[PDB]
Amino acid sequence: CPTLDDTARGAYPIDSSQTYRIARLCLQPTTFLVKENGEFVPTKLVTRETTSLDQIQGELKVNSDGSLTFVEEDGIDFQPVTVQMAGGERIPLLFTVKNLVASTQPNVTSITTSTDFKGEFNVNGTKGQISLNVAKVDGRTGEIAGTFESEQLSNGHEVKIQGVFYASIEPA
């Protein structure tokens, strides 16, 4: 995924008289865990081409409590991946955030390094959950970066996926 400038600093103010969007969201997985014996255990990513989701975008709606809700409306939000268990089994997994709806804490006055987005998405007839932890904000450009963790059910396996993300926020 893209990265922020070395000098990225400061919060990104949100003007309540304006509306905003996520123009781009990129998820780069660093971690695929598969449940075995009730434990999420690590696997090796075997797919050597791009495994990121990117170009994800959509409105940021304002709720009555001042939180923002991201409604995913487009993007490369689905990627088939193959991982390999320690014992050698190669499992195809579906990495996705399709139909993501994720909200911040209340009373949004600015996007900061303590902003979180939490919500749910659809994986071919079941729900997944995801948390985005913003870790860095460029207040000048609207670029943000952080880490994510999702849980879902792809191909008869309960799967956790973790990694890094980049996004850009801008007025509508």
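All residue numbers are counted from 1 along the displayed sequence.
Higher-scoring stretch by recorded Cα B factor average, 11 to 19 or 159 to 167: In the deposited entry, the stretch with the higher C-alpha B-factor mean is 11 to 19.
Higher-scoring stretch by recorded Cα B factor average, 135 to 143 or 39 to 47: According to the entry, 39 to 47 carries the higher average C-alpha B-factor.
Criterion, highest CA B-factor; candidates, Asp65, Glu120, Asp54, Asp116: So the option with the highest C-alpha B-factor is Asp65.
Candidate residues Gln105, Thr109, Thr31, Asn124, the one whose C-alpha B factor the record puts highest: The listed residue with the largest C-alpha B-factor is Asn124.
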